[PDB]
Amino acid sequence: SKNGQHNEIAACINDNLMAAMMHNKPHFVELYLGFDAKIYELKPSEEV
Amino acid sequence: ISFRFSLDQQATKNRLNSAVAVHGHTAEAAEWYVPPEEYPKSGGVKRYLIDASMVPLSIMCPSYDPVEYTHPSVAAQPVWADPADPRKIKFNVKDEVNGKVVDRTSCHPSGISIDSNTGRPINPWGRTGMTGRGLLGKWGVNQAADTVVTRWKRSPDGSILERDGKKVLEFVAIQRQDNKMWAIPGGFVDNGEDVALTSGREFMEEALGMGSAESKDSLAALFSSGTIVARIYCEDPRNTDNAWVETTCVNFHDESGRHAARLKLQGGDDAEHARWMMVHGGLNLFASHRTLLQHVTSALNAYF
Amino acid sequence: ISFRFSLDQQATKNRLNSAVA
Amino acid sequence: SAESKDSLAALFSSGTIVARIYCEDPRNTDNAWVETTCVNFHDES
Amino acid sequence: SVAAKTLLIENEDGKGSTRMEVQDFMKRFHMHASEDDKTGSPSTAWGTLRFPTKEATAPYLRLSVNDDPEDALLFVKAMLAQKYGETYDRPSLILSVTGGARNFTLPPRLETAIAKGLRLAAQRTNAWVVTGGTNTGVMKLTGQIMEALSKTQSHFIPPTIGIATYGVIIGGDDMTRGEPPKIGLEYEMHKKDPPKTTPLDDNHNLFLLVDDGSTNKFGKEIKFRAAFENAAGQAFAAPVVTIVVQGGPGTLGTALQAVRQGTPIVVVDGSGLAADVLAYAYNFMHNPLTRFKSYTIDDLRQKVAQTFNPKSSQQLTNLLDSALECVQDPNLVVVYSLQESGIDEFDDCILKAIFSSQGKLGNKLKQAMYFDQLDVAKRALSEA
Ligand SMILES: Nc1ncnc2c1ncn2[C@@H]1O[C@H](COP(=O)(O)OP(=O)(O)OC[C@H]2O[C@@H](O)[C@H](O)[C@@H]2O)[C@@H](O)[C@H]1O
Ligand SMILES: Nc1ncnc2c1ncn2[C@@H]1O[C@H](COP(=O)(O)OP(=O)(O)OC[C@H]2O[C@@H](O)[C@H](O)[C@@H]2O)[C@@H](O)[C@H]1O
Ligand SMILES: [Mg+2]
Ligand SMILES: [Mg+2]
Ligand SMILES: [Mg+2]
């Protein structure tokens, strides 16, 4: 965040947040929320 | 860590210049000083503009038509002003005017050469596009004395502030009445007096506005240890071809900081405000006072 | 602080008399 | 590189010729040999 | 919407004086028809503006740059005295928010932190917030903060004074043309005005339009704004705290005037440009810590050159000189770093700026009482 790498944070935050939800790690879900984790930008692993 | 940094710089502390490989065309040194076009406090009188590559007297320059201007205050002949016919006066030696000694010797190695046509001295430091005395009262060298009262810049903990591996200085600076630029306290030498009295008298008049018993004695302790750091030519905008300011700089350094702390700074005489100001190379001060501050930091091995 | 003061005085350490002014 | 270029110039304003020696270069022959002048640019800060 | 015929202006030494007619008072305000004019003509552009989706109306007064800020302070006192009665709530704090207008592109996390801290500080101390009058950047952000204040605090609402340069407002002429008092003048930000392009923010409660006769040339209110805040601070014996978030060249000039008029500043480091330059300059000149021993004048000059693009070496020298002149007095600047601190350390920095003043002891203790920092009050009382 300090070194201007915010775009890379935003590109990986949805899947990382998704993985955090799957593996039952609440502390990691809060951590991610505030650093631009948009809960509505989640994507499924497979295609329906 | 502060101690580790301090021990590291105390233990780590054919000459070749390879900057031509980087730049390609070096534009020499700082070249030669040219004063501004508008003479200060003159009511719109403009000088004769010259390029910086033409100021020196070694260079020929046949196209030279300076303007002769003398200020009305100087032309009213005050006690500190020389007569309008500058003949009958000996330059480069100590001269007696009304039984009072005035210095009149320049720090230039060649000396002052006297013009045959008008008897008016000619400035060796180089042309300025203006003859006559202007705002300066004395023909030739106007000797000025500057007082740089310094102390180490300390944080509250008592530790001295350090920048670029060198200790940081702090000097008393006054805001001038005429052009509102910060400067070193100082002034022109009065008749019959020396640089010691002039330096001290101008510092009390300007930065302390005097005119304190043991505190006065403290100030005397401060002025008991002074070193003449430089005697140079001023880059003063009031300089002309027949009258120029040359300064002797006296540095009063307070190593402990006790004597410097007793000064109640309050601007008086030809100063508006006076304050303690950090010495560094990016200062925008009046005339060639940055060179004077360079000389005091060079003598004290301080940051600049 | 005592050491800082000690290192500071070991590293910070024409004569004119202007007391007549 | 503008001011950074100026910084590099500051680096190359203080150089000391430390040695002028004969190189142990493998391309050296009996009629052509490499000899070096060594310039050290030290950055104290 | 009945027009006022008489107004109560407070006397210079007592509590309040006699009520007299509005035109007599409004002769103290001037306007410039062109840049060349110095003496001027009577202003006549003063009244109230109605903005869309806002229930309350906002007073506006256009005055000249050479005009006395004390007269403008009376105008603010007279309007509040008229609207809320004689015994209105006197301010114990003037909180000035300045910074970037069009170049305020700040990461959201910081924006939320600055917004949260400013909301917490202003609410708790019933502060008068003085910003620019425009609907751009940090002022708009501050406006949004005060929007939440306007839906609470019962009867009394603390004024959010917006001081803007006349000559940058897309609706400036409409405000001037007409009879001297205008009560319901509607403000149209979406209207296409040819010379200017900057509209006035709808969340500001009062407006001071500084006029110099120029058109599309900002930078003409910095001195008045600093002088007004100083005049307001002396009159209500309350400390004035300037806050510098991001910034550009006029924010540097605002901080320069503020430190020149004796008003303390709080520079939020890590919030942007003229703030990083100001924080770097203070830390270089005053901070004794180890990480600031590598700070140099050359790196400061390099930072100023990369961030304000001055074009001329003389302009760069003037900007650098002004930046170094701002951090000359160590007491008047308090630097809060955004990325290295806590939620309540910002209130500690604001409180440090409040105590950093010279003689307003009762108000400074009141500010300490609002922020719930007994120690600052004690340490201060013990030192006193
Ligand atoms: N030889 C002189 N020339 C001009 N003015 C003089 C002279 N002697 C006395 N004066 C009077 O002194 C006044 C200037 O005040 P001072 O404090 O004596 O001088 P100041 O201008 O502060 O000092 C000159 C400054 O110029 C720099 O080159 C130099 O470093 C010095 O600081 C002038 O208005 C004038 O009335
Ligand atoms: N008060 C203003 N309102 C709107 N736009 C402005 C203002 N001042 C300048 N601008 C325009 O915004 C552009 C970029 O300005 P910024 O750097 O974003 O802001 P800054 O230059 O710091 O403006 C300083 C002004 O802002 C106020 O906080 C403060 O009163 C100061 O007068 C400039 O080109 C300028 O034309
Ligand atoms: Mg002087
Ligand atoms: Mg004198
Ligand atoms: Mg004098």
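Sequence-order numbering is used: residues on each chain count from 1 as written, possibly diverging from the entry numbering, and only residues with coordinates are shown. Note on labels: chains are lettered from A, ligands numbered from 1, in written order. These chains belong to a larger assembly; all numbers given describe just the chains displayed. Excluded from the side-chain calculation are hydrogens and water; included are all heavy atoms of the structure. Residues with missing side-chain atoms are left out of burial classes, side-chain pairs and their counts.

What the deposited record gives as its method is cryo-EM, and the resolution it gives is 2.91 Å.

Going by what the PDB entry lists, chain E is known as TRPM2 chanzyme and is assigned to Salpingoeca rosetta. Here the PDB entry's recorded title is "Cryo-EM structure of TRPM2 chanzyme in the presence of Magnesium and ADP-ribose, open state".

Looking at the PDB entry, one finds chain A named TRPM2 chanzyme and attributed to Salpingoeca rosetta.

Turning our attention to the overall build of chain A. A run of H or I in DSSP counts as a helix once it spans at least four residues, and a run of E counts as a strand once it spans at least two, with each numbered from the N terminus. Regarding its fold elements, chain A presents two helices and zero strands. Expressed along its principal axes, the backbone C-alpha trace of chain A runs to roughly 35 × 25 × 15 Å.

What follows concerns the overall build of chain E. The number of helices and strands found in chain E is 13 helices and 14 strands. Taking 384 residues into account, the globule formula puts the C-alpha radius of gyration at 21 Å, and chain E, at 21 Å, falls close to it. The principal-axis extents of the C-alpha atoms in chain E amount to approximately 65 × 50 × 35 Å. With the radius of gyration taken over C-alpha atoms, the globule rule is written as 2.2 Å times the number of residues to the power 0.38.

Turning to the side chain of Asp82(B), a few remarks are in order. All names here are of chain B. Assignment of secondary structure puts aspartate 82 in the loop between β2 (67-70) and β3 (95-97). Buried means the residue's accessible area, taken with a 1.4 Å probe over protein chains only, is under 20% of the maximum for its type, while exposed means over 50%, and partly exposed covers the values in between. Take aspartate 82: its relative accessible area is 5%, and that puts it in the buried class. What qualifies as a polar contact is a pair of N or O atoms within 3.5 Å, subject to a donor-acceptor requirement within protein and to the restriction that residues adjacent in sequence count only when both atoms come from side chains. Separated by 3.3 Å, the side chain of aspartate 82 and the backbone nitrogen of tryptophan 139 make a polar contact. Not counting the four nearest positions on each side in its chain, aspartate 82 is found in contact with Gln77, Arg104, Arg133, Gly137, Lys138 and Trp139. Contacts are residue-level and defined by heavy atoms, with any inter-residue pair within 4.5 Å sufficient.

A word on the interface of chain B and chain C. Of the residues lining the interface, 23 residues belong to chain B; the matching set on chain C comes to 13 residues. Counting only elements with at least two residues in the side of chain B that touches chain C, the list comes to α1 (2-11), α2 (195-207), β14 (226-233) and β15 (243-254) of chain B. Of the residues forming the side of chain B that touches chain C, the biggest block, five residues, is contributed by α2(B). Residues belonging to the side of chain B that touches chain C are distributed by class as follows: 11 nonpolar, nine polar and three charged. Sheet analysis places β14(B) next to strand β1 (residues 15-16) of chain C, joined by two bridges and oriented antiparallel. By the bridge assignment for β1(C), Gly226(B) is matched with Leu16(C). Residues are grouped as follows: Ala, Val, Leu, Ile, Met, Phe, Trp, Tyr, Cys and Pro are nonpolar; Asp, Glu, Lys and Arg are charged; every other residue, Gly included, is polar. Pairs of strands are assigned from DSSP output, requiring at least two bridges between the strands.

Attention shifts here to the site of ligand 1. Residue and element names in this part refer to chain B. Residues in contact with ligand 1 amount to 21 residues; listed here are only the nearest, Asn142, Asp146, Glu206, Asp236 and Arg238. In this structure, an oxygen atom belonging to ligand 1 sits 3.2 Å away from a main-chain N or O atom of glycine 186. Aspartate 236 has a polar side-chain atom sitting 2.9 Å from an oxygen atom of ligand 1. Look at ligand 1: alone it shows 720 Å² of surface, and the protein chains cover 85% of it. Broken down by secondary-structure element, the contributors of at least two residues to the shell around ligand 1 are β8 (140-152), β13 (186-188) and α2. Definition of nearness: a residue and a molecule or strand are near each other if at least one heavy atom of the residue lies within 4 Å of the molecule or strand. Method for areas: the Shrake-Rupley scheme with a 1.4 Å probe, in which residue coverage is limited to the protein chains shown.

The next subject is the site of ligand 2. All names here are of chain E. Not every one of the 17 residues close to ligand 2 is listed here, only the nearest: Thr98, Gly99, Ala101, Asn103 and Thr251. Here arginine 102 contributes a backbone N or O atom positioned 2.9 Å from an oxygen atom of ligand 2. Within the side chain of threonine 251, a nitrogen or oxygen atom sits 2.7 Å from an oxygen atom of ligand 2. Protein chains bury 81% of the 640 Å² of accessible surface belonging to ligand 2 in isolation. Breaking the shell around ligand 2 down by element, the ones donating at least two residues are β7 (94-99) and α7 (249-260). Element by element, the count of residues in the shell around ligand 2 is highest for α7, at four residues. Taken together, the residues of the shell around ligand 2 break down into three nonpolar, 11 polar and three charged.

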